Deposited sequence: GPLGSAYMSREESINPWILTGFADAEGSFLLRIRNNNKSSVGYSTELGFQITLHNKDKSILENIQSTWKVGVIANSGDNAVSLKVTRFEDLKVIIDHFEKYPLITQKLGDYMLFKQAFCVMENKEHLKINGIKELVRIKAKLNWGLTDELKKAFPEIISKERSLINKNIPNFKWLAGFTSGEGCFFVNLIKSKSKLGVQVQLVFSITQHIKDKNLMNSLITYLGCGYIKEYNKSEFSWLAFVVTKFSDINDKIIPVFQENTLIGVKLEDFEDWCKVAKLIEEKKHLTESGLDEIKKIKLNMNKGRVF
């Protein structure tokens, strides 16, 4: 088991970390409700190692299957939440998820005082939960109708370690095959992209200045609105993006995708993508990265 750099861990949490506050109907409870407070990450089986490493880094949490194709790390044992708070107090989140963390911290304090054992603290936890992630459930939105009433987070990228973490969840290393009527028949284009909910526009815009390259693609759709930070200029990929992740290590199978991407970059730098042979090799590498990778 390997230890994860704390800022890489925070970046990955900004991407995929999920805070939880269960407030459940419970007849065997003196107040009528029981609670469970925590932090979790659920991902594809192929990246179970990440969870194990996080588990090894913090020395907390339990790992369990999440259906047939996924696996989770869940931390809800109360004393162990202190580890999580100490971590994020030293290496804070910078996306809108910071808001959720804050609510989680609030909940922690309530439960630390054991106030969740009386009805007043249950009410307070419901008020906190109302602003957390998806907010109140329908059942809770019937038992507490008086509870109905979030400020934008705006924070800077702290360093490239954070970026390695975040890119491990929200980034994509892609080999694009531009098809035409040329004798070669295809233009090879490396693409780097990071994709994120439009509420974090400030952060996404800042990637352009932080990395010194790229541009934003905006998506305004019926099911979601988001931004892609994109780099397609080869000299920026080769001289800026690749060095960043060579010194700030990605986690998960995406590291392999990055390494394959770098192979193609080498071929493009040598102009071998302008030959049938090198082209065939590139197509071969592309075939087996991202969705094509075998585990």
Numbered from 1 on the deposited sequence, the unmodelled stretches are 1-10, 160-161
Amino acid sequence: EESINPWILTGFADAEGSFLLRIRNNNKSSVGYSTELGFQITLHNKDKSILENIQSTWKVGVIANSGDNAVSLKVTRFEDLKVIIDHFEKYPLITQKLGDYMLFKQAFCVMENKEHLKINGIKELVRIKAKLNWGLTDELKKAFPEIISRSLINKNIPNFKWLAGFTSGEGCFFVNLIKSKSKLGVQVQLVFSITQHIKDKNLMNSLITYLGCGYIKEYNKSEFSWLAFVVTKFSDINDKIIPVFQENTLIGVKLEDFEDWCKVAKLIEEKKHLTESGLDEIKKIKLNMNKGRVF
From here on, numbers count along this sequence of modelled residues.
Of 116-124 and 129-137, the stretch with the higher mean C-alpha B-factor in the deposited entry is 116-124
For 30-38 versus 56-64, entry-based mean Cα B-factors point to 30-38
Note to self: of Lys155, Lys142, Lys201, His87, the C-alpha temperature factor tops out at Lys142
In this crystal structure's PDB entry, the residue among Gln96, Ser151, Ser206, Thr167 with the greatest CA B factor is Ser151
So, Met289's CA B-factor, relative to its chain, sits in which third? The middle
Quick tally, chain-level thirds of C-alpha B-factors: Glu270 sits in the highest
For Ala13, the third of its chain by CA B-factor is the lowest
Here the Cα B-factor of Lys179, set against its chain, lands in the third termed highest
Binned into thirds over the chain's modelled residues, the C-alpha B-factor of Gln106 lands in the highest
